[PDB]
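Peer 1: Residue numbers (the authors' numbering), protein chains in the order written: chain A, 1 to 128; chain B, 1 to 128. Don't be surprised by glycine CBs; every beta carbon is placed ideally from N, CA and C. Following this message is one structure expressed as structure tokens.
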Ligand SMILES: [Cu+2]
Ligand SMILES: [Cu+2]
Ligand SMILES: [Cu+2]
Ligand code: NA
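This is the structure in structure tokens:
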């Protein structure tokens with residue numbers, strides 16, 4: 001199994017994937033985010049944020065409260081398993097995390113915390 | 001002996017759990033849905049409908065258009081892995097499905113298809 005995934009967020013507020021499977025043989029897993037299109041970060045910025053499904057709402061809400069300067073993410077949010085920077089068009093960011101941070105049979109979600117974006121920019125991650 | 005879950009939908013349009021883990025050893029899994037509370041089926045009816053995460057939106061949208069008499073579910077919808085009937089207060093219904101219909105490292109959701117309910121009445125199902 002590949003221990004990485006490449007994901008795009010675009011100018012239509014979409015990710016190009018909404019499911020990630022992480023094989024238990026991976027020690028680490030890398031998410032490579034990019035932003036095709038031409039809208040800048042202050043209007044259409046995207047991140048990739050990974051938490052338990054149960055933690056997503058608090059992460060998203062506290063991210064909105066943290067504002068654009070903090071990449072719409074609460075600093076040192078302990079619920080965040082992995083995060084990229086908030087990127088604008090033509091940029092890219094990668095995050096690597098330890099697969100040991102994923103428990104078996106637990107539900108994970110990934111999402112963008114730019115306000116409003118998680119309506120569409122969300123997806124599910126499991127172990128395999 | 002642990003191949004079932006009890007779930008409730010109430011008058012506030014809430015399930016009492018949003019995460020189900022199915023033991024990979026179970027041949028069959030049973031969901032026992034009940035409706036505590038006081039509102040009838042045509043106002044606050046609930047079902048338990050299981051699909052892949054990817055299929056939830058289409059099941060929900062097509063169910064809305066099917067109407068109350070068809071339990072707000074498209075007939076013979078091949079995306080539905082398991083469904084209870086739509087129940088009103090005091091009523092109960094169970095569904096048993098084959099665990100073979102679930103795959104590892106794949107994302108399932110359960111939800112109610114009564115119109116509007118799935119924004120609140122939804123949850124994630126995984127294998128352990
Ligand atoms: Cu975004
Ligand atoms: Cu979900
Ligand atoms: Cu309902
Ligand atoms: Na591999």
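Across which residues does DSSP place residue 7(B) in a beta bridge pair?
Peer 2: 33(B), per the DSSP bridge assignment.
Peer 1: Quick one: is the Cβ of residue 64(B) within less than 7 angstroms of any heavy atom of ligand 3?
Peer 2: The answer is no for residue 64(B).
Peer 1: Cβ atoms of residue 89(A) and residue 37(A): under 8 angstroms apart, would you say?
Peer 2: A contact, by the Cβ cut-off of 8 angstroms.
Peer 1: Heavy atom of ligand 1 less than 7 angstroms from the Cβ of residue 45(A), yes or no?
Peer 2: Within the cutoff, so yes.
Peer 1: For residue 68(A), does the count of other Cβ atoms within 10 angstroms reach 16, so buried, or fall short, so exposed?
Peer 2: Classification of residue 68(A): exposed, given that the 10 Å Cβ count is below 16.
Peer 1: When the Cα atoms are used, what is the spatial distance from residue 5(B) to residue 41(A)?
Peer 2: Going from the Cα of residue 5(B) to the Cα of residue 41(A) covers about 44 angstroms.
Peer 1: For residue 92(B), collect the residues of the same chain with a Cβ closer than 6 angstroms to its Cβ; drop the 5 residues on either side in sequence, then sort them by chain order.
Peer 2: Answer for residue 92(B): 34, listed in chain order.
Peer 1: Ordered along the chain, which non-local residues of its own chain (more than five positions away) have a Cβ less than 8 angstroms from that of residue 123(A)?
Peer 2: If we look at residue 123(A) and ignore the five residues flanking it on each side, its Cβ neighbours are 15, 17, 18, 19, 20, 109, 110 and 111.
Peer 1: For the stretch 7-91 of chain B, list the alpha helix (DSSP H) runs that are entirely contained and at least 4 residues long, ordered along the chain.
Peer 2: With a minimum length of 4 residues, the continuous alpha helix (DSSP H) runs that stay inside the stretch 7-91 of chain B are 41-44 and 56-66.
Peer 1: By how many angstroms is the C-alpha of residue 65(A) removed from the C-alpha of residue 106(B)?
Peer 2: One C-alpha to the other measures close to 33 angstroms.
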